[PDB]
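*Asks:* File name entry-v1.cif; file contents mmCIF, N, CA, C and O atoms; full text below.
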```cif
data_work
#
loop_
_atom_site.group_PDB
_atom_site.id
_atom_site.type_symbol
_atom_site.label_atom_id
_atom_site.label_comp_id
_atom_site.auth_asym_id
_atom_site.auth_seq_id
_atom_site.Cartn_x
_atom_site.Cartn_y
_atom_site.Cartn_z
ATOM 1 N N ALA A 1 -19.049 -10.288 -4.834
ATOM 2 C CA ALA A 1 -17.659 -9.758 -4.864
ATOM 3 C C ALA A 1 -16.921 -10.295 -6.111
ATOM 4 O O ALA A 1 -17.075 -11.477 -6.430
ATOM 5 N N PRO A 2 -16.102 -9.435 -6.824
ATOM 6 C CA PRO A 2 -15.560 -9.738 -8.186
ATOM 7 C C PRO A 2 -14.900 -11.126 -8.313
ATOM 8 O O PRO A 2 -15.380 -11.990 -9.056
ATOM 9 N N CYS A 3 -13.812 -11.335 -7.565
ATOM 10 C CA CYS A 3 -13.056 -12.589 -7.587
ATOM 11 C C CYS A 3 -12.443 -12.852 -6.205
ATOM 12 O O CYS A 3 -11.464 -13.575 -6.088
ATOM 13 N N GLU A 4 -13.066 -12.296 -5.148
ATOM 14 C CA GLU A 4 -12.506 -12.336 -3.784
ATOM 15 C C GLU A 4 -12.419 -13.768 -3.243
ATOM 16 O O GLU A 4 -11.361 -14.181 -2.795
ATOM 17 N N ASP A 5 -13.523 -14.521 -3.344
ATOM 18 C CA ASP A 5 -13.593 -15.915 -2.863
ATOM 19 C C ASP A 5 -12.517 -16.778 -3.557
ATOM 20 O O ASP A 5 -11.755 -17.470 -2.894
ATOM 21 N N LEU A 6 -12.427 -16.637 -4.891
ATOM 22 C CA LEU A 6 -11.511 -17.424 -5.745
ATOM 23 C C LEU A 6 -10.036 -17.104 -5.402
ATOM 24 O O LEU A 6 -9.240 -18.004 -5.120
ATOM 25 N N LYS A 7 -9.712 -15.804 -5.425
ATOM 26 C CA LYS A 7 -8.341 -15.278 -5.292
ATOM 27 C C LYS A 7 -7.796 -15.459 -3.860
ATOM 28 O O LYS A 7 -6.594 -15.681 -3.674
ATOM 29 N N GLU A 8 -8.689 -15.391 -2.861
ATOM 30 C CA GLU A 8 -8.326 -15.675 -1.460
ATOM 31 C C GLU A 8 -8.086 -17.177 -1.241
ATOM 32 O O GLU A 8 -7.339 -17.551 -0.340
ATOM 33 N N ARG A 9 -8.733 -18.035 -2.060
ATOM 34 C CA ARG A 9 -8.495 -19.495 -2.038
ATOM 35 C C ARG A 9 -7.155 -19.846 -2.697
ATOM 36 O O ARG A 9 -6.547 -20.839 -2.339
ATOM 37 N N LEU A 10 -6.704 -19.035 -3.676
ATOM 38 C CA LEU A 10 -5.347 -19.191 -4.275
ATOM 39 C C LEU A 10 -4.277 -19.016 -3.171
ATOM 40 O O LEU A 10 -3.255 -19.719 -3.133
ATOM 41 N N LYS A 11 -4.585 -18.083 -2.252
ATOM 42 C CA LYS A 11 -3.750 -17.760 -1.091
ATOM 43 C C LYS A 11 -3.883 -18.834 0.016
ATOM 44 O O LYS A 11 -2.879 -19.285 0.567
ATOM 45 N N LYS A 12 -5.133 -19.258 0.285
ATOM 46 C CA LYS A 12 -5.478 -20.163 1.409
ATOM 47 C C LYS A 12 -4.967 -21.593 1.121
ATOM 48 O O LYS A 12 -4.423 -22.262 2.007
ATOM 49 N N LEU A 13 -5.134 -22.034 -0.138
ATOM 50 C CA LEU A 13 -4.683 -23.363 -0.601
ATOM 51 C C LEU A 13 -3.159 -23.405 -0.772
ATOM 52 O O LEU A 13 -2.578 -24.491 -0.838
ATOM 53 N N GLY A 14 -2.538 -22.212 -0.861
ATOM 54 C CA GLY A 14 -1.083 -22.073 -0.845
ATOM 55 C C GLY A 14 -0.393 -22.723 -2.035
ATOM 56 O O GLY A 14 0.507 -23.557 -1.867
ATOM 57 N N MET A 15 -0.835 -22.334 -3.248
ATOM 58 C CA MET A 15 -0.238 -22.763 -4.514
ATOM 59 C C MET A 15 1.030 -21.930 -4.794
ATOM 60 O O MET A 15 1.461 -21.135 -3.939
ATOM 61 N N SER A 16 1.627 -22.111 -5.985
ATOM 62 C CA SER A 16 2.775 -21.299 -6.413
ATOM 63 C C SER A 16 2.375 -19.812 -6.532
ATOM 64 O O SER A 16 1.200 -19.498 -6.756
ATOM 65 N N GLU A 17 3.361 -18.918 -6.385
ATOM 66 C CA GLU A 17 3.183 -17.463 -6.552
ATOM 67 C C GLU A 17 2.731 -17.163 -7.986
ATOM 68 O O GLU A 17 1.785 -16.402 -8.206
ATOM 69 N N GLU A 18 3.432 -17.807 -8.947
ATOM 70 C CA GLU A 18 3.097 -17.771 -10.376
ATOM 71 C C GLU A 18 1.685 -18.322 -10.624
ATOM 72 O O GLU A 18 0.970 -17.785 -11.469
ATOM 73 N N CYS A 19 1.276 -19.357 -9.840
ATOM 74 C CA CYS A 19 -0.044 -19.978 -9.996
ATOM 75 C C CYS A 19 -1.129 -18.938 -9.731
ATOM 76 O O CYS A 19 -1.976 -18.705 -10.578
ATOM 77 N N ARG A 20 -1.009 -18.238 -8.573
ATOM 78 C CA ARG A 20 -1.972 -17.200 -8.160
ATOM 79 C C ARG A 20 -2.047 -16.108 -9.239
ATOM 80 O O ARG A 20 -3.123 -15.796 -9.744
ATOM 81 N N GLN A 21 -0.850 -15.599 -9.614
ATOM 82 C CA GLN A 21 -0.683 -14.484 -10.566
ATOM 83 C C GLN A 21 -1.308 -14.798 -11.943
ATOM 84 O O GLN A 21 -1.751 -13.889 -12.643
ATOM 85 N N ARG A 22 -1.319 -16.091 -12.312
ATOM 86 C CA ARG A 22 -1.990 -16.587 -13.534
ATOM 87 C C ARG A 22 -3.522 -16.499 -13.383
ATOM 88 O O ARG A 22 -4.215 -15.917 -14.214
ATOM 89 N N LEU A 23 -4.000 -17.044 -12.267
ATOM 90 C CA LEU A 23 -5.407 -17.391 -12.042
ATOM 91 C C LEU A 23 -6.285 -16.172 -11.753
ATOM 92 O O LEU A 23 -7.364 -16.034 -12.342
ATOM 93 N N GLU A 24 -5.817 -15.298 -10.846
ATOM 94 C CA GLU A 24 -6.534 -14.063 -10.483
ATOM 95 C C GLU A 24 -6.598 -13.104 -11.687
ATOM 96 O O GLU A 24 -7.582 -12.391 -11.854
ATOM 97 N N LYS A 25 -5.554 -13.154 -12.541
ATOM 98 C CA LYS A 25 -5.460 -12.367 -13.787
ATOM 99 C C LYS A 25 -6.565 -12.805 -14.768
ATOM 100 O O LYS A 25 -7.295 -11.968 -15.318
ATOM 101 N N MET A 26 -6.685 -14.135 -14.953
ATOM 102 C CA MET A 26 -7.709 -14.747 -15.823
ATOM 103 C C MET A 26 -9.118 -14.557 -15.250
ATOM 104 O O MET A 26 -10.087 -14.501 -15.996
ATOM 105 N N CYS A 27 -9.211 -14.490 -13.920
ATOM 106 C CA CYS A 27 -10.489 -14.348 -13.205
ATOM 107 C C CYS A 27 -11.089 -12.937 -13.369
ATOM 108 O O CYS A 27 -12.311 -12.762 -13.304
ATOM 109 N N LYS A 28 -10.210 -11.938 -13.573
ATOM 110 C CA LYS A 28 -10.618 -10.538 -13.797
ATOM 111 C C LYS A 28 -11.253 -10.374 -15.197
ATOM 112 O O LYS A 28 -12.430 -10.020 -15.324
ATOM 113 N N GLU A 29 -10.458 -10.663 -16.235
ATOM 114 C CA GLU A 29 -10.850 -10.452 -17.645
ATOM 115 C C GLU A 29 -11.789 -11.562 -18.158
ATOM 116 O O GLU A 29 -12.739 -11.284 -18.895
ATOM 117 N N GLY A 30 -11.519 -12.807 -17.748
ATOM 118 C CA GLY A 30 -12.253 -13.976 -18.239
ATOM 119 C C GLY A 30 -13.334 -14.437 -17.276
ATOM 120 O O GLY A 30 -13.730 -13.687 -16.377
ATOM 121 N N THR A 31 -13.811 -15.672 -17.470
ATOM 122 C CA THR A 31 -14.826 -16.286 -16.604
ATOM 123 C C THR A 31 -14.143 -16.869 -15.353
ATOM 124 O O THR A 31 -13.129 -17.585 -15.461
ATOM 125 N N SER A 32 -14.707 -16.546 -14.174
ATOM 126 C CA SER A 32 -14.157 -16.962 -12.878
ATOM 127 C C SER A 32 -14.195 -18.495 -12.728
ATOM 128 O O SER A 32 -13.250 -19.087 -12.213
ATOM 129 N N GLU A 33 -15.278 -19.125 -13.229
ATOM 130 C CA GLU A 33 -15.453 -20.594 -13.185
ATOM 131 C C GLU A 33 -14.306 -21.337 -13.910
ATOM 132 O O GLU A 33 -13.873 -22.398 -13.463
ATOM 133 N N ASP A 34 -13.807 -20.764 -15.015
ATOM 134 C CA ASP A 34 -12.670 -21.348 -15.769
ATOM 135 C C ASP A 34 -11.333 -21.105 -15.046
ATOM 136 O O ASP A 34 -10.446 -21.957 -15.086
ATOM 137 N N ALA A 35 -11.218 -19.958 -14.354
ATOM 138 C CA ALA A 35 -9.995 -19.582 -13.612
ATOM 139 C C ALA A 35 -9.753 -20.520 -12.412
ATOM 140 O O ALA A 35 -8.654 -21.055 -12.242
ATOM 141 N N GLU A 36 -10.806 -20.734 -11.605
ATOM 142 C CA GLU A 36 -10.762 -21.673 -10.459
ATOM 143 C C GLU A 36 -10.600 -23.124 -10.922
ATOM 144 O O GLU A 36 -10.027 -23.936 -10.207
ATOM 145 N N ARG A 37 -11.147 -23.451 -12.110
ATOM 146 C CA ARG A 37 -10.961 -24.778 -12.735
ATOM 147 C C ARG A 37 -9.466 -25.004 -13.033
ATOM 148 O O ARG A 37 -8.941 -26.092 -12.798
ATOM 149 N N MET A 38 -8.778 -23.938 -13.499
ATOM 150 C CA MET A 38 -7.324 -23.981 -13.763
ATOM 151 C C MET A 38 -6.529 -24.012 -12.438
ATOM 152 O O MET A 38 -5.386 -24.448 -12.426
ATOM 153 N N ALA A 39 -7.147 -23.525 -11.334
ATOM 154 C CA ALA A 39 -6.582 -23.632 -9.967
ATOM 155 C C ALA A 39 -6.598 -25.089 -9.479
ATOM 156 O O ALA A 39 -5.671 -25.545 -8.797
ATOM 157 N N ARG A 40 -7.664 -25.806 -9.860
ATOM 158 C CA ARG A 40 -7.828 -27.237 -9.561
ATOM 159 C C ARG A 40 -6.863 -28.072 -10.418
ATOM 160 O O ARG A 40 -6.364 -29.105 -9.977
ATOM 161 N N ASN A 41 -6.578 -27.581 -11.638
ATOM 162 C CA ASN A 41 -5.586 -28.212 -12.546
ATOM 163 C C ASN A 41 -4.154 -27.837 -12.132
ATOM 164 O O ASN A 41 -3.212 -28.569 -12.429
ATOM 165 N N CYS A 42 -4.017 -26.680 -11.466
ATOM 166 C CA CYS A 42 -2.724 -26.167 -10.984
ATOM 167 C C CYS A 42 -2.200 -27.059 -9.862
ATOM 168 O O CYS A 42 -1.105 -27.611 -9.955
ATOM 169 N N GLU A 43 -3.023 -27.224 -8.813
ATOM 170 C CA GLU A 43 -2.663 -28.008 -7.618
ATOM 171 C C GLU A 43 -3.702 -29.111 -7.363
ATOM 172 O O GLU A 43 -3.394 -30.304 -7.529
ATOM 173 N N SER A 44 -4.928 -28.712 -6.991
ATOM 174 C CA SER A 44 -6.011 -29.656 -6.619
ATOM 175 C C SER A 44 -7.316 -28.884 -6.339
ATOM 176 O O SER A 44 -7.271 -27.885 -5.573
#
```
If you convert what's in this file into structure tokens, what do you get?

*Replies:*
Amino acid sequence: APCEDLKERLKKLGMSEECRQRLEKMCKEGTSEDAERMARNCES
């Protein structure tokens, strides 16, 4: 699945609205591993 696991974790971990909107955007065009890494840098 494209970015379902990653983007649903942005929702499940309950980061900022802006945080999700940054990360799922980068996960589409860019590498998913770098997007979730920025999710870990965003919150944890």

*Asks:* Could you check the closest approach to residue A:3 for each of A:44, A:21, A:27, A:34 and tell me which residue wins, using only C-alpha atoms?

*Replies:*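 Going through A:44, A:21, A:27, A:34 one by one, the smallest distance to residue A:3 is for A:27.
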
*Asks:* I need the output of the PyMOL selection byres ((chain A and resi 6) around 8) for this file as an NGL selection string; which residues are they?

*Replies:* :A and (1-5 or 7-13 or 20 or 23-24 or 32 or 35-36 or 39)

*Asks:* Enter the distance from atom CA of residue A:42 to atom N of residue A:19, in Å, rounded to one decimal.

*Replies:* 8.0 Å

*Asks:* Pull the helix (DSSP H, G or I) assignments for chain A out of DSSP run on the backbone, and list those residues as a PyMOL selection string.

*Replies:* chain A and resi 4-12+17-29+32-42

*Asks:* Just the selected residues (N, CA, C and O atoms), exported as a short mmCIF file (atom, residue, chain, number, x, y, z; two decimals), in the frame of the given file, please.

*Replies:*
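result15.cif, written as the output of this step:
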```cif
data_model
loop_
_atom_site.label_atom_id
_atom_site.label_comp_id
_atom_site.auth_asym_id
_atom_site.auth_seq_id
_atom_site.Cartn_x
_atom_site.Cartn_y
_atom_site.Cartn_z
N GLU A 4 -13.07 -12.30 -5.15
CA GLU A 4 -12.51 -12.34 -3.78
C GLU A 4 -12.42 -13.77 -3.24
O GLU A 4 -11.36 -14.18 -2.80
N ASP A 5 -13.52 -14.52 -3.34
CA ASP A 5 -13.59 -15.92 -2.86
C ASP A 5 -12.52 -16.78 -3.56
O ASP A 5 -11.76 -17.47 -2.89
N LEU A 6 -12.43 -16.64 -4.89
CA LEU A 6 -11.51 -17.42 -5.74
C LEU A 6 -10.04 -17.10 -5.40
O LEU A 6 -9.24 -18.00 -5.12
N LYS A 7 -9.71 -15.80 -5.42
CA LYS A 7 -8.34 -15.28 -5.29
C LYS A 7 -7.80 -15.46 -3.86
O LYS A 7 -6.59 -15.68 -3.67
N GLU A 8 -8.69 -15.39 -2.86
CA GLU A 8 -8.33 -15.68 -1.46
C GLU A 8 -8.09 -17.18 -1.24
O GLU A 8 -7.34 -17.55 -0.34
N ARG A 9 -8.73 -18.04 -2.06
CA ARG A 9 -8.49 -19.50 -2.04
C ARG A 9 -7.16 -19.85 -2.70
O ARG A 9 -6.55 -20.84 -2.34
N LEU A 10 -6.70 -19.04 -3.68
CA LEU A 10 -5.35 -19.19 -4.28
C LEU A 10 -4.28 -19.02 -3.17
O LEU A 10 -3.26 -19.72 -3.13
N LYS A 11 -4.58 -18.08 -2.25
CA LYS A 11 -3.75 -17.76 -1.09
C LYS A 11 -3.88 -18.83 0.02
O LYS A 11 -2.88 -19.28 0.57
N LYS A 12 -5.13 -19.26 0.28
CA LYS A 12 -5.48 -20.16 1.41
C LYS A 12 -4.97 -21.59 1.12
O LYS A 12 -4.42 -22.26 2.01
N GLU A 17 3.36 -18.92 -6.38
CA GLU A 17 3.18 -17.46 -6.55
C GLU A 17 2.73 -17.16 -7.99
O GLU A 17 1.78 -16.40 -8.21
N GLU A 18 3.43 -17.81 -8.95
CA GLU A 18 3.10 -17.77 -10.38
C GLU A 18 1.68 -18.32 -10.62
O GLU A 18 0.97 -17.78 -11.47
N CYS A 19 1.28 -19.36 -9.84
CA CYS A 19 -0.04 -19.98 -10.00
C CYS A 19 -1.13 -18.94 -9.73
O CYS A 19 -1.98 -18.70 -10.58
N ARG A 20 -1.01 -18.24 -8.57
CA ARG A 20 -1.97 -17.20 -8.16
C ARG A 20 -2.05 -16.11 -9.24
O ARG A 20 -3.12 -15.80 -9.74
N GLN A 21 -0.85 -15.60 -9.61
CA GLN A 21 -0.68 -14.48 -10.57
C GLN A 21 -1.31 -14.80 -11.94
O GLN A 21 -1.75 -13.89 -12.64
N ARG A 22 -1.32 -16.09 -12.31
CA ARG A 22 -1.99 -16.59 -13.53
C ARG A 22 -3.52 -16.50 -13.38
O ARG A 22 -4.22 -15.92 -14.21
N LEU A 23 -4.00 -17.04 -12.27
CA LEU A 23 -5.41 -17.39 -12.04
C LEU A 23 -6.28 -16.17 -11.75
O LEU A 23 -7.36 -16.03 -12.34
N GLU A 24 -5.82 -15.30 -10.85
CA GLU A 24 -6.53 -14.06 -10.48
C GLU A 24 -6.60 -13.10 -11.69
O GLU A 24 -7.58 -12.39 -11.85
N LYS A 25 -5.55 -13.15 -12.54
CA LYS A 25 -5.46 -12.37 -13.79
C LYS A 25 -6.56 -12.80 -14.77
O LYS A 25 -7.30 -11.97 -15.32
N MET A 26 -6.68 -14.14 -14.95
CA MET A 26 -7.71 -14.75 -15.82
C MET A 26 -9.12 -14.56 -15.25
O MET A 26 -10.09 -14.50 -16.00
N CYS A 27 -9.21 -14.49 -13.92
CA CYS A 27 -10.49 -14.35 -13.20
C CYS A 27 -11.09 -12.94 -13.37
O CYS A 27 -12.31 -12.76 -13.30
N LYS A 28 -10.21 -11.94 -13.57
CA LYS A 28 -10.62 -10.54 -13.80
C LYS A 28 -11.25 -10.37 -15.20
O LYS A 28 -12.43 -10.02 -15.32
N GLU A 29 -10.46 -10.66 -16.24
CA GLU A 29 -10.85 -10.45 -17.64
C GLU A 29 -11.79 -11.56 -18.16
O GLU A 29 -12.74 -11.28 -18.90
N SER A 32 -14.71 -16.55 -14.17
CA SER A 32 -14.16 -16.96 -12.88
C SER A 32 -14.20 -18.50 -12.73
O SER A 32 -13.25 -19.09 -12.21
N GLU A 33 -15.28 -19.12 -13.23
CA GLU A 33 -15.45 -20.59 -13.18
C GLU A 33 -14.31 -21.34 -13.91
O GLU A 33 -13.87 -22.40 -13.46
N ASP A 34 -13.81 -20.76 -15.02
CA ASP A 34 -12.67 -21.35 -15.77
C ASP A 34 -11.33 -21.10 -15.05
O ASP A 34 -10.45 -21.96 -15.09
N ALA A 35 -11.22 -19.96 -14.35
CA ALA A 35 -9.99 -19.58 -13.61
C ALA A 35 -9.75 -20.52 -12.41
O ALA A 35 -8.65 -21.06 -12.24
N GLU A 36 -10.81 -20.73 -11.60
CA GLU A 36 -10.76 -21.67 -10.46
C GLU A 36 -10.60 -23.12 -10.92
O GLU A 36 -10.03 -23.94 -10.21
N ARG A 37 -11.15 -23.45 -12.11
CA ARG A 37 -10.96 -24.78 -12.74
C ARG A 37 -9.47 -25.00 -13.03
O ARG A 37 -8.94 -26.09 -12.80
N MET A 38 -8.78 -23.94 -13.50
CA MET A 38 -7.32 -23.98 -13.76
C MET A 38 -6.53 -24.01 -12.44
O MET A 38 -5.39 -24.45 -12.43
N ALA A 39 -7.15 -23.52 -11.33
CA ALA A 39 -6.58 -23.63 -9.97
C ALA A 39 -6.60 -25.09 -9.48
O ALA A 39 -5.67 -25.54 -8.80
N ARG A 40 -7.66 -25.81 -9.86
CA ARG A 40 -7.83 -27.24 -9.56
C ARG A 40 -6.86 -28.07 -10.42
O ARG A 40 -6.36 -29.10 -9.98
N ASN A 41 -6.58 -27.58 -11.64
CA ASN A 41 -5.59 -28.21 -12.55
C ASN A 41 -4.15 -27.84 -12.13
O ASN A 41 -3.21 -28.57 -12.43
N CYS A 42 -4.02 -26.68 -11.47
CA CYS A 42 -2.72 -26.17 -10.98
C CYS A 42 -2.20 -27.06 -9.86
O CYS A 42 -1.10 -27.61 -9.96
#
```

*Asks:* Can you measure atom CA of residue A:22 to atom C of residue A:38 for me? One decimal in Å is fine.

*Replies:*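 Atom CA of residue A:22 sits 8.8 Å away from atom C of residue A:38.
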
*Asks:* Please indicate the distance in Å from atom C of residue A:14 to atom C of residue A:29, rounded to one decimal place.

*Replies:* 22.7 Å
